[PDB]
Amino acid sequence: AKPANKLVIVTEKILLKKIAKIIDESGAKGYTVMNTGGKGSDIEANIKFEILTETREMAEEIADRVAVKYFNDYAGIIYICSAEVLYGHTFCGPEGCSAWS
């Protein structure tokens, strides 16, 4: 297994394209996105991104960039969870996530 930061961005659904381009520009190998309801009926349409990154620094770069650009004007939260990747074509590399020395 390969350690990973699971970066989660939940924000207003209109920022989808802007945030995807920030993720693409970061070096992250990919991302998962989904529609969600958020309260912060009072529920509104949100989007949640989940981005597994190899380093804490890459996660922080993405978080920082989204927040500095958008979080004055739009509701959102960004957090990280620890994760381990077991299988992942691009995340772990050709030798997979359980490489030996």
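From 1 onward, residues are counted along the sequence shown. For the two forms, the rigid core is made up of the largest set of C-alpha atoms that agree within 1.5 Å on superposition.
A.B. asks: Name the stretch that deviates more in 5 other deposited structures of this protein: 79-87, or 9-17? Use RMS CA distance to the shown form, core superposed.
C.D. replies: If we average over structures and residues in 5 other deposited structures of this protein, the farther stretch is 79-87.
A.B. asks: Relative to the other compared entries, is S41 without coordinates in a third or more of them?
C.D. replies: Residue status for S41: gap in at least one third of the other entries.
A.B. asks: Unmodelled stretch from the deposited sequence between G40 and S41, which bin: none, 1 to 3, 4 to 9, 10 or more?
C.D. replies: Count of unmodelled residues in between: 10 or more.
A.B. asks: Which is higher on mean Cα B factor in this entry, 49-57 or 62-70?
C.D. replies: Going by the record's values, the stretch with the higher mean is 49-57.
A.B. asks: Going by the mean C-alpha B-factor recorded in the entry, which is higher: 5-13 or 80-88?
C.D. replies: Higher mean C-alpha B-factor in the PDB entry: 80-88.
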